[PDB]
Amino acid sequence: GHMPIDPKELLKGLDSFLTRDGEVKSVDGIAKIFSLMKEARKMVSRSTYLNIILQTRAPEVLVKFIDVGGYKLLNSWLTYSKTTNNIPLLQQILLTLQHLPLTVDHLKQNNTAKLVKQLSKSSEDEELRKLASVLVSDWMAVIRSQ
């Protein structure tokens, strides 16, 4: 009646799109990965795909993830993790947001910046509150750059 997510088989299915260190190679690969992420509802699948984004360092690949709808998707995961009070996934999501080269136009798309600002003030987790505080200060500097 169910099937536990196998994170090893998830990475194995993406063998051709990733390097030996788990980084997305091209902008064509990040489009197919985003299509899989949009259908990922189990926590194991989401946490595994977030590790792939965190390991990817090419800015042109990270910007493509934002353009195809990855910033809207992370907002939906952030909203669900905040409602269900999933601290470990909230931590990993905010680490991904800090890893992504977000611009001012990206931050104006949804209420992610608002939810992160609220976490920096009222979160009872010490590491999540500190990460949200550093994330807000970084976004304050991005707005101040123009």
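The numbering used is simple: start at 1 and walk along the sequence shown.
- Remark: stretch with higher mean C-alpha B factor among 45 to 53 and 23 to 31 is 23 to 31.
- Stretches compared: 116 to 124, 56 to 64. Higher mean C-alpha B-factor in the entry: 116 to 124.
- When all modelled residues of the chain are sorted by CA temperature factor, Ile93 is found within the lowest third.
- Among all modelled residues in its chain, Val104 ranks in the highest third by Cα B-factor.
- Split the chain's modelled residues into thirds by C-alpha temperature factor. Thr79 is in the lowest one.
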